[PDB]
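Shown next: my_file15.cif, containing mmCIF, C-alpha atoms and all ligand atoms.
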data_final
loop_
_atom_site.label_atom_id
_atom_site.label_comp_id
_atom_site.auth_asym_id
_atom_site.auth_seq_id
_atom_site.Cartn_x
_atom_site.Cartn_y
_atom_site.Cartn_z
CA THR A 2355 18.71 -59.48 45.58
CA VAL A 2356 19.12 -60.97 42.10
CA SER A 2357 18.44 -64.44 43.51
CA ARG A 2358 15.83 -63.00 45.91
CA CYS A 2359 13.22 -62.53 43.16
CA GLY A 2360 12.27 -63.87 39.75
CA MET A 2361 13.68 -62.64 36.47
CA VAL A 2362 12.56 -62.13 32.88
CA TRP A 2363 14.99 -61.08 30.16
CA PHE A 2364 13.77 -58.90 27.28
CA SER A 2365 16.39 -58.88 24.54
CA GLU A 2366 16.35 -56.25 21.81
CA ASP A 2367 15.42 -59.06 19.41
CA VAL A 2368 12.03 -59.22 21.14
CA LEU A 2369 10.95 -55.90 19.58
CA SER A 2370 11.35 -56.22 15.84
CA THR A 2371 11.51 -53.04 13.80
CA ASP A 2372 8.34 -54.00 11.91
CA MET A 2373 6.15 -54.20 15.01
CA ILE A 2374 7.41 -50.73 15.97
CA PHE A 2375 6.46 -49.45 12.51
CA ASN A 2376 3.02 -51.06 12.80
CA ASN A 2377 2.51 -49.48 16.23
CA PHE A 2378 3.40 -46.06 14.82
CA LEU A 2379 1.14 -46.48 11.79
CA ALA A 2380 -1.83 -47.70 13.84
CA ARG A 2381 -1.46 -44.93 16.42
CA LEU A 2382 -1.22 -42.31 13.67
CA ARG A 2383 -4.29 -43.75 11.93
CA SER A 2384 -6.40 -43.92 15.10
CA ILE A 2385 -5.49 -41.10 17.51
CA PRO A 2386 -5.48 -37.49 16.25
CA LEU A 2387 -2.59 -35.09 16.76
CA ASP A 2388 -4.63 -32.16 18.07
CA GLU A 2389 -6.30 -34.25 20.80
CA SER A 2410 -12.36 -35.36 11.94
CA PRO A 2411 -10.88 -34.17 8.63
CA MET A 2412 -7.33 -34.16 10.00
CA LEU A 2413 -7.76 -37.76 11.08
CA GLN A 2414 -8.57 -38.29 7.39
CA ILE A 2415 -5.37 -36.56 6.33
CA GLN A 2416 -3.49 -38.78 8.79
CA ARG A 2417 -5.10 -41.82 7.16
CA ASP A 2418 -4.17 -40.66 3.66
CA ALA A 2419 -0.59 -39.99 4.77
CA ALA A 2420 -0.30 -43.43 6.38
CA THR A 2421 -1.65 -45.06 3.22
CA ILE A 2422 1.01 -43.19 1.23
CA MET A 2423 3.94 -44.10 3.50
CA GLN A 2424 2.83 -47.70 4.10
CA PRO A 2425 5.03 -49.24 1.34
CA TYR A 2426 8.15 -47.61 2.80
CA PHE A 2427 7.58 -49.00 6.32
CA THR A 2428 7.31 -52.69 5.38
CA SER A 2429 9.91 -55.37 6.05
CA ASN A 2430 13.06 -54.99 3.94
CA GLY A 2431 11.84 -51.44 3.37
CA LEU A 2432 13.62 -48.16 2.77
CA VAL A 2433 13.51 -47.14 6.44
CA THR A 2434 14.82 -50.53 7.61
CA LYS A 2435 17.78 -50.47 5.22
CA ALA A 2436 18.55 -46.84 6.08
CA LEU A 2437 18.40 -47.63 9.80
CA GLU A 2438 20.68 -50.65 9.53
CA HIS A 2439 23.15 -48.58 7.51
CA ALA A 2440 23.02 -45.81 10.12
CA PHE A 2441 23.78 -48.49 12.69
CA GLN A 2442 26.71 -49.47 10.47
CA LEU A 2443 27.40 -45.71 10.42
CA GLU A 2444 28.93 -43.66 13.27
CA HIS A 2445 27.33 -40.96 15.42
CA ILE A 2446 28.48 -38.44 18.01
CA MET A 2447 26.02 -39.91 20.51
CA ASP A 2448 25.24 -43.51 21.40
CA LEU A 2449 22.97 -44.57 18.56
CA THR A 2450 19.72 -46.24 19.63
CA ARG A 2451 17.10 -47.62 17.26
CA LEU A 2452 14.17 -46.28 19.26
CA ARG A 2453 15.64 -42.77 19.48
CA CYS A 2454 15.88 -42.50 15.69
CA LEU A 2455 12.46 -44.07 15.17
CA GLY A 2456 10.83 -41.71 17.67
CA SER A 2457 12.47 -38.74 15.98
CA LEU A 2458 11.20 -39.93 12.60
CA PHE A 2459 7.67 -40.47 13.90
CA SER A 2460 7.52 -37.07 15.61
CA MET A 2461 8.74 -35.22 12.54
CA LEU A 2462 6.30 -37.13 10.33
CA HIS A 2463 3.59 -35.97 12.74
CA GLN A 2464 4.88 -32.44 12.14
CA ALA A 2465 4.68 -33.04 8.38
CA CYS A 2466 1.04 -34.03 8.80
CA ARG A 2467 0.49 -30.84 10.79
CA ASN A 2468 2.14 -28.89 7.96
CA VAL A 2469 -0.31 -30.40 5.47
CA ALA A 2470 -3.18 -29.55 7.82
CA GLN A 2471 -2.00 -25.94 8.11
CA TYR A 2472 -1.67 -25.67 4.32
CA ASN A 2473 -5.22 -27.01 3.93
CA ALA A 2474 -6.49 -24.51 6.51
CA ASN A 2475 -4.74 -21.62 4.74
CA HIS A 2476 -6.19 -22.78 1.39
CA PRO A 2477 -9.85 -23.56 2.16
CA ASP A 2478 -10.92 -23.23 -1.48
CA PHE A 2479 -8.35 -25.72 -2.83
CA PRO A 2480 -7.74 -28.75 -0.58
CA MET A 2481 -4.43 -30.59 -0.66
CA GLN A 2482 -4.87 -33.02 -3.55
CA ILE A 2483 -3.79 -36.65 -3.44
CA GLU A 2484 -0.99 -36.58 -6.04
CA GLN A 2485 0.67 -33.49 -4.58
CA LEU A 2486 0.07 -35.01 -1.15
CA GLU A 2487 1.87 -38.24 -2.02
CA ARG A 2488 4.77 -36.40 -3.65
CA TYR A 2489 5.16 -34.13 -0.62
CA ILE A 2490 4.92 -37.03 1.83
CA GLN A 2491 7.48 -39.13 -0.06
CA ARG A 2492 9.97 -36.27 -0.31
CA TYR A 2493 9.42 -35.27 3.32
CA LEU A 2494 9.94 -38.87 4.44
CA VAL A 2495 13.24 -39.07 2.56
CA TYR A 2496 14.26 -35.74 4.14
CA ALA A 2497 13.10 -37.14 7.48
CA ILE A 2498 15.38 -40.17 7.32
CA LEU A 2499 18.20 -37.87 6.22
CA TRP A 2500 17.82 -35.44 9.13
CA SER A 2501 16.82 -37.99 11.81
CA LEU A 2502 19.08 -41.00 11.27
CA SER A 2503 22.16 -38.87 10.50
CA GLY A 2504 21.10 -35.85 12.55
CA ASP A 2505 23.99 -36.44 14.99
CA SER A 2506 26.98 -36.98 12.69
CA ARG A 2507 29.51 -35.19 10.51
CA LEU A 2508 28.47 -33.57 7.23
CA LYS A 2509 30.54 -35.95 5.10
CA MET A 2510 28.86 -38.84 6.91
CA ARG A 2511 25.37 -37.46 6.33
CA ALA A 2512 26.54 -37.22 2.72
CA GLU A 2513 27.36 -40.93 2.69
CA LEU A 2514 23.93 -41.69 4.14
CA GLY A 2515 22.26 -39.53 1.48
CA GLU A 2516 24.29 -41.25 -1.23
CA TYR A 2517 23.13 -44.67 0.00
CA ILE A 2518 19.51 -43.50 0.13
CA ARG A 2519 19.77 -42.11 -3.41
CA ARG A 2520 21.23 -45.45 -4.52
CA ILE A 2521 18.44 -47.50 -2.92
CA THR A 2522 15.37 -45.26 -3.17
CA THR A 2523 12.94 -44.79 -6.04
CA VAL A 2524 11.58 -41.43 -4.79
CA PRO A 2525 12.78 -38.56 -7.02
CA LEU A 2526 15.74 -36.62 -5.66
CA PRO A 2527 17.30 -33.25 -6.55
CA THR A 2528 19.57 -33.38 -9.59
CA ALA A 2529 22.41 -31.39 -8.01
CA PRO A 2530 25.73 -32.70 -9.41
CA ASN A 2531 27.55 -32.38 -6.07
CA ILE A 2532 25.31 -30.66 -3.47
CA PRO A 2533 23.94 -33.19 -0.96
CA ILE A 2534 20.23 -33.81 -0.55
CA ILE A 2535 20.39 -32.69 3.09
CA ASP A 2536 20.94 -29.04 2.10
CA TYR A 2537 17.73 -29.24 0.07
CA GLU A 2538 14.32 -28.83 1.69
CA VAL A 2539 10.82 -29.91 0.72
CA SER A 2540 8.28 -27.17 0.10
CA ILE A 2541 4.60 -27.38 0.98
CA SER A 2542 4.08 -27.66 -2.79
CA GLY A 2543 5.78 -31.07 -2.87
CA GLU A 2544 8.93 -29.93 -4.67
CA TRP A 2545 12.65 -30.11 -3.92
CA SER A 2546 13.89 -26.61 -3.10
CA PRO A 2547 17.31 -25.52 -1.79
CA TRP A 2548 17.66 -24.10 1.71
CA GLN A 2549 19.87 -21.34 0.29
CA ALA A 2550 16.94 -19.29 -1.02
CA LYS A 2551 15.50 -19.35 2.50
CA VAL A 2552 18.61 -17.53 3.79
CA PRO A 2553 18.16 -13.74 3.94
CA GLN A 2554 20.94 -11.14 3.79
CA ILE A 2555 20.80 -8.95 6.90
CA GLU A 2556 23.12 -6.00 7.57
CA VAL A 2557 23.97 -5.71 11.26
CA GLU A 2558 24.60 -2.25 12.69
CA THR A 2559 28.09 -0.77 12.98
CA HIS A 2560 27.97 -0.77 16.79
CA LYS A 2561 26.63 -4.35 16.96
CA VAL A 2562 29.60 -6.11 15.34
CA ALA A 2563 30.48 -9.38 17.10
CA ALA A 2564 27.62 -8.77 19.52
CA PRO A 2565 26.49 -11.82 21.51
CA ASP A 2566 22.80 -11.38 20.68
CA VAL A 2567 23.05 -10.81 16.92
CA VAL A 2568 22.50 -13.95 14.85
CA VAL A 2569 23.50 -13.78 11.19
CA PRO A 2570 21.29 -16.20 9.21
CA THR A 2571 23.22 -18.86 7.30
CA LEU A 2572 22.80 -22.25 5.66
CA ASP A 2573 22.94 -24.14 8.96
CA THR A 2574 20.88 -21.59 10.90
CA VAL A 2575 17.77 -21.93 8.72
CA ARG A 2576 17.87 -25.75 8.77
CA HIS A 2577 18.35 -25.91 12.54
CA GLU A 2578 15.54 -23.38 12.99
CA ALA A 2579 13.21 -25.68 11.05
CA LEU A 2580 14.34 -28.75 12.99
CA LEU A 2581 13.86 -27.01 16.33
CA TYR A 2582 10.41 -25.76 15.32
CA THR A 2583 9.46 -29.28 14.21
CA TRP A 2584 10.74 -30.92 17.39
CA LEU A 2585 9.34 -28.25 19.74
CA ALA A 2586 5.86 -28.11 18.20
CA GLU A 2587 5.37 -31.72 19.32
CA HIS A 2588 6.83 -30.70 22.72
CA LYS A 2589 9.32 -33.55 22.32
CA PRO A 2590 12.44 -32.72 24.38
CA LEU A 2591 15.79 -32.62 22.61
CA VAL A 2592 19.44 -31.91 23.38
CA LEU A 2593 21.87 -30.27 20.96
CA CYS A 2594 25.39 -31.67 20.64
CA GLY A 2595 28.43 -29.98 19.15
CA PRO A 2596 32.03 -28.94 19.70
CA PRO A 2597 32.63 -25.82 21.81
CA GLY A 2598 32.14 -22.54 19.94
CA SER A 2599 29.52 -23.90 17.54
CA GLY A 2600 26.99 -21.51 19.07
CA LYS A 2601 24.41 -24.14 19.98
CA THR A 2602 23.03 -21.88 22.72
CA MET A 2603 22.63 -18.99 20.27
CA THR A 2604 20.96 -21.24 17.69
CA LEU A 2605 18.45 -22.50 20.26
CA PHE A 2606 17.80 -19.07 21.76
CA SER A 2607 17.07 -17.58 18.34
CA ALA A 2608 14.30 -20.11 17.72
CA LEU A 2609 13.03 -19.83 21.29
CA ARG A 2610 12.73 -16.03 21.31
CA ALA A 2611 11.27 -16.09 17.78
CA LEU A 2612 8.75 -18.71 18.93
CA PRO A 2613 5.77 -16.72 20.24
CA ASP A 2614 4.17 -18.11 23.40
CA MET A 2615 6.80 -20.07 25.34
CA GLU A 2616 9.11 -18.56 27.96
CA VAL A 2617 12.81 -19.45 28.23
CA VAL A 2618 14.51 -20.26 31.54
CA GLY A 2619 18.21 -20.89 30.99
CA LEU A 2620 19.73 -23.25 33.53
CA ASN A 2621 23.50 -23.74 33.75
CA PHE A 2622 23.83 -27.29 35.06
CA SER A 2623 26.93 -27.97 37.14
CA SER A 2624 28.78 -31.16 37.98
CA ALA A 2625 27.10 -31.03 41.42
CA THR A 2626 23.58 -30.42 40.09
CA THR A 2627 20.71 -32.24 41.79
CA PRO A 2628 16.99 -32.37 40.93
CA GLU A 2629 16.55 -29.98 43.86
CA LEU A 2630 17.70 -27.28 41.44
CA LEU A 2631 14.97 -28.33 38.99
CA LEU A 2632 12.39 -28.25 41.79
CA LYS A 2633 13.62 -24.79 42.82
CA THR A 2634 13.26 -23.54 39.25
CA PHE A 2635 9.77 -25.06 39.07
CA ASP A 2636 8.55 -23.43 42.28
CA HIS A 2637 10.12 -20.17 41.10
CA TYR A 2638 8.26 -20.23 37.77
CA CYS A 2639 5.40 -22.70 38.39
CA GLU A 2640 2.60 -23.12 40.91
CA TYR A 2641 0.77 -26.17 42.24
CA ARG A 2642 -2.98 -26.29 41.59
CA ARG A 2643 -5.56 -28.93 42.50
CA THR A 2644 -7.39 -30.40 39.49
CA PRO A 2645 -9.98 -33.21 39.47
CA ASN A 2646 -7.45 -35.61 37.94
CA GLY A 2647 -4.92 -34.63 40.59
CA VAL A 2648 -2.15 -32.18 41.39
CA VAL A 2649 -0.97 -30.55 38.16
CA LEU A 2650 2.06 -28.32 37.59
CA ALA A 2651 1.52 -25.39 35.23
CA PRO A 2652 3.41 -22.13 34.60
CA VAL A 2653 2.05 -19.10 36.44
CA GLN A 2654 1.67 -17.04 33.26
CA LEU A 2655 -1.15 -18.51 31.18
CA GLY A 2656 -0.73 -19.83 27.66
CA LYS A 2657 3.05 -20.16 28.05
CA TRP A 2658 5.06 -23.35 27.54
CA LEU A 2659 7.85 -23.09 30.12
CA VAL A 2660 11.00 -24.26 28.33
CA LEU A 2661 13.79 -25.20 30.75
CA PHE A 2662 17.06 -24.78 28.87
CA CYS A 2663 19.78 -27.01 30.32
CA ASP A 2664 23.15 -25.54 29.37
CA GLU A 2665 25.19 -28.69 30.11
CA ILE A 2666 22.89 -31.72 30.23
CA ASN A 2667 25.62 -34.38 30.48
CA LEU A 2668 27.97 -32.53 32.84
CA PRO A 2669 26.42 -33.70 36.18
CA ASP A 2670 28.51 -36.57 37.47
CA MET A 2671 27.73 -40.27 37.33
CA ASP A 2672 27.27 -41.93 40.69
CA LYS A 2673 29.34 -44.95 41.69
CA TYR A 2674 26.43 -47.01 40.30
CA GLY A 2675 26.35 -45.31 36.90
CA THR A 2676 23.26 -43.13 37.35
CA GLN A 2677 22.90 -39.37 36.90
CA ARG A 2678 20.10 -38.36 39.25
CA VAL A 2679 19.09 -35.24 37.30
CA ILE A 2680 18.87 -37.13 34.00
CA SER A 2681 16.88 -39.91 35.67
CA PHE A 2682 14.54 -37.24 37.04
CA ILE A 2683 14.09 -35.67 33.59
CA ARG A 2684 13.48 -39.12 32.08
CA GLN A 2685 10.85 -39.80 34.74
CA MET A 2686 8.98 -36.59 33.96
CA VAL A 2687 9.30 -37.10 30.20
CA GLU A 2688 8.05 -40.69 30.02
CA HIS A 2689 5.40 -40.61 32.75
CA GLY A 2690 4.40 -37.05 31.86
CA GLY A 2691 4.79 -36.10 35.51
CA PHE A 2692 6.74 -36.51 38.71
CA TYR A 2693 6.25 -37.23 42.42
CA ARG A 2694 6.25 -34.38 44.94
CA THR A 2695 8.30 -35.48 47.96
CA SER A 2696 6.45 -33.00 50.20
CA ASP A 2697 3.25 -35.08 50.28
CA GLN A 2698 4.16 -38.13 48.14
CA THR A 2699 1.52 -37.29 45.54
CA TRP A 2700 1.57 -37.70 41.77
CA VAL A 2701 2.01 -34.38 39.96
CA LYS A 2702 1.40 -34.14 36.22
CA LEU A 2703 3.25 -31.70 33.97
CA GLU A 2704 1.16 -29.22 31.97
CA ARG A 2705 2.60 -26.71 29.48
CA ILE A 2706 6.15 -27.76 30.41
CA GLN A 2707 8.88 -28.98 28.06
CA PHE A 2708 12.66 -29.28 28.16
CA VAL A 2709 15.61 -28.50 25.92
CA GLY A 2710 19.25 -29.23 26.70
CA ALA A 2711 22.67 -28.83 25.15
CA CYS A 2712 26.01 -30.53 25.65
CA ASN A 2713 29.43 -30.91 24.07
CA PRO A 2714 30.30 -34.42 22.85
CA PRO A 2715 30.70 -36.95 25.67
CA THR A 2716 34.13 -37.88 24.28
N1 LIG B 2801 24.27 -17.02 13.06
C1 LIG B 2801 25.42 -16.51 13.56
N2 LIG B 2801 25.78 -15.23 13.32
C2 LIG B 2801 26.92 -14.72 13.81
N3 LIG B 2801 27.79 -15.41 14.55
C3 LIG B 2801 27.56 -16.71 14.86
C4 LIG B 2801 26.33 -17.34 14.37
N4 LIG B 2801 26.35 -18.61 14.82
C5 LIG B 2801 27.48 -18.78 15.54
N5 LIG B 2801 28.21 -17.64 15.57
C6 LIG B 2801 29.50 -17.46 16.26
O1 LIG B 2801 29.82 -18.62 17.03
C7 LIG B 2801 30.30 -18.24 18.32
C8 LIG B 2801 29.85 -19.24 19.37
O2 LIG B 2801 29.43 -18.58 20.56
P1 LIG B 2801 29.66 -19.30 21.98
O3 LIG B 2801 29.83 -18.24 23.04
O4 LIG B 2801 30.72 -20.35 21.78
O5 LIG B 2801 28.23 -20.02 22.21
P2 LIG B 2801 28.06 -21.58 22.59
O6 LIG B 2801 28.43 -21.63 24.06
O7 LIG B 2801 26.60 -21.85 22.31
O8 LIG B 2801 29.01 -22.33 21.69
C9 LIG B 2801 29.76 -16.85 18.60
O9 LIG B 2801 30.79 -16.04 19.17
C10 LIG B 2801 29.36 -16.31 17.24
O10 LIG B 2801 30.23 -15.25 16.86
#
Represent the structure of the file as structure tokens.
Ligand SMILES: Nc1ncnc2c1ncn2[C@@H]1O[C@H](COP(=O)(O)OP(=O)(O)O)[C@@H](O)[C@H]1O
Amino acid sequence: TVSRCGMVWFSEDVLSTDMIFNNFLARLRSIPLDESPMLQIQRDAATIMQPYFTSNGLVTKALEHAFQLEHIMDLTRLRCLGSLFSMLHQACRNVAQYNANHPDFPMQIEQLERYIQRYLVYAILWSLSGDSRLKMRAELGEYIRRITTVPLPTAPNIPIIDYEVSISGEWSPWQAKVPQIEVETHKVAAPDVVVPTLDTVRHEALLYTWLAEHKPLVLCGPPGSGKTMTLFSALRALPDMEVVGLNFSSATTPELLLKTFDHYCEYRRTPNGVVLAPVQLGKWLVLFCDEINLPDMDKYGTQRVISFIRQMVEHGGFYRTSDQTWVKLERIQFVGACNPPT
């Protein structure tokens, strides 16, 4: 079949990093996040972060170092860049929310540029090294401090990653965000109780950022790290999206996903076409996949469930085998978790 049809080869050298950055900047400048003053705030943000997205820029050097660096998962340029773009979109939404909550005093340009610069540094930190050891994120932060001009916290030893960026455009530690709860005497070592800590607050923020954009994600970590508890805390605390835990098995097939859909979703006819939406209105059905990587590879190196999820993520829909009709996904998003593939 290889000799039965033509062929075109698209090497990774075809897509330079700079054209990707230009695509992101143009799309951010033109299309709005909500669906306009907030288009204006997008334009101001893009003007601020333009110098850092040029050739031989901060992001390019950080990305090539992260490629020189090591990660738990197979590092891909486009994965990191998509994470960075989504979380910068969330930063723009944060500025919009701050402006809405302060109608009298709009977000001024100097504070805006300081906040955007610091957030973008924090974004590289938590997106390029988001899947590595703490010492290795520390090396990445050290390199960024060496190469960047953006002001950084003056902590003698504490890494930049522990710090967060306030809506006021200042470097603030995540420690002050950690409360001090006192669990009941009869709830000691209870499964449901979640003691806030330094990692819990940061992962809560990351999950909120990456779930507001409805961008699917999978958590990775050694057994016992409580990834499920960390996700479930954010999911229950997040107001209007139901949680449907799904323990994937080695013999899982997309038939299980279809069964879960028909259990929690219904098929309705819309003028665009058949659209899948959760039965309960105003709810973003979040399908938690307990073990995303555990279903087996075929003899041809394909996991059918993961291919199915990829199909519905990239096309924004899937094909119903009952009538061979295109079905779009509405108010549906996915989260998974998995121990390291090693
Ligand atoms: N915020 C927290 N507060 C209290 N205990 C925690 C917290 N985060 C993790 N743990 C501990 O980590 C352990 C991991 O739970 P586990 O059953 O391994 O879940 P997972 O399958 O997600 O790893 C829990 O038993 C819990 O005691």
Within 12 Å of ligand LIG 2801 (chain B), which residues of chain A show up? Give each one with its shortest atom-to-atom distance in Å (one decimal) and the two atoms involved, counting all atoms listed in the file, rows by chain then rising residue number, as a Markdown table.
| residue | atom | partner | partner_atom | distance |
| --- | --- | --- | --- | --- |
| A:2552 | CA | B:LIG2801 | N1 | 10.9 |
| A:2553 | CA | B:LIG2801 | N1 | 11.5 |
| A:2554 | CA | B:LIG2801 | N2 | 11.4 |
| A:2555 | CA | B:LIG2801 | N2 | 10.3 |
| A:2556 | CA | B:LIG2801 | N2 | 11.2 |
| A:2557 | CA | B:LIG2801 | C2 | 9.8 |
| A:2561 | CA | B:LIG2801 | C2 | 10.8 |
| A:2562 | CA | B:LIG2801 | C2 | 9.1 |
| A:2563 | CA | B:LIG2801 | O10 | 5.9 |
| A:2564 | CA | B:LIG2801 | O10 | 7.5 |
| A:2565 | CA | B:LIG2801 | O9 | 6.5 |
| A:2566 | CA | B:LIG2801 | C2 | 8.7 |
| A:2567 | CA | B:LIG2801 | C2 | 6.3 |
| A:2568 | CA | B:LIG2801 | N2 | 3.8 |
| A:2569 | CA | B:LIG2801 | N2 | 3.4 |
| A:2570 | CA | B:LIG2801 | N1 | 4.9 |
| A:2571 | CA | B:LIG2801 | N1 | 6.1 |
| A:2572 | CA | B:LIG2801 | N1 | 9.2 |
| A:2573 | CA | B:LIG2801 | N1 | 8.3 |
| A:2574 | CA | B:LIG2801 | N1 | 6.1 |
| A:2575 | CA | B:LIG2801 | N1 | 9.2 |
| A:2576 | CA | B:LIG2801 | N1 | 11.6 |
| A:2577 | CA | B:LIG2801 | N1 | 10.7 |
| A:2578 | CA | B:LIG2801 | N1 | 10.8 |
| A:2593 | CA | B:LIG2801 | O7 | 9.8 |
| A:2594 | CA | B:LIG2801 | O7 | 10.0 |
| A:2595 | CA | B:LIG2801 | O8 | 8.1 |
| A:2596 | CA | B:LIG2801 | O8 | 7.5 |
| A:2597 | CA | B:LIG2801 | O8 | 5.0 |
| A:2598 | CA | B:LIG2801 | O4 | 3.2 |
| A:2599 | CA | B:LIG2801 | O8 | 4.5 |
| A:2600 | CA | B:LIG2801 | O7 | 3.3 |
| A:2601 | CA | B:LIG2801 | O7 | 3.9 |
| A:2602 | CA | B:LIG2801 | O7 | 3.6 |
| A:2603 | CA | B:LIG2801 | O7 | 5.3 |
| A:2604 | CA | B:LIG2801 | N4 | 6.6 |
| A:2605 | CA | B:LIG2801 | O7 | 8.4 |
| A:2606 | CA | B:LIG2801 | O7 | 9.2 |
| A:2607 | CA | B:LIG2801 | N1 | 8.9 |
| A:2608 | CA | B:LIG2801 | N1 | 11.4 |
| A:2621 | CA | B:LIG2801 | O6 | 11.1 |
| A:2662 | CA | B:LIG2801 | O7 | 11.9 |
| A:2663 | CA | B:LIG2801 | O7 | 11.7 |
| A:2664 | CA | B:LIG2801 | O6 | 8.4 |
| A:2665 | CA | B:LIG2801 | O6 | 9.8 |
| A:2710 | CA | B:LIG2801 | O7 | 11.3 |
| A:2711 | CA | B:LIG2801 | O7 | 8.5 |
| A:2712 | CA | B:LIG2801 | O7 | 9.3 |
| A:2713 | CA | B:LIG2801 | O8 | 8.9 |
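Atom CA of residue 2659 of chain A to atom CA of residue 2456 of chain A spans 22.6 Å [interatomic distance, one decimal].
Here atom CA of residue 2707 of chain A stands at a distance of 20.9 Å from atom CA of residue 2695 of chain A.
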Which residues are near residue 2440 of chain A? Cut-off 9 Å, all atoms listed in the file, ignore same chain within fewer than 6 positions. Put them as a ChimeraX atom specification. /A:2449,2502-2503,2514
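With atom CA of residue 2419 of chain A on one side and atom CA of residue 2705 of chain A on the other, the separation reads 28.2 Å.
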Near residue 2485 of chain A, counting all atoms listed in the file, which residues have an atom at most 10 Å away, once you skip same-chain residues fewer than 2 positions from it, shown as JSON, numbers by chain? {"A": [2481, 2482, 2483, 2487, 2488, 2489, 2490, 2491, 2541, 2542, 2543, 2544]}
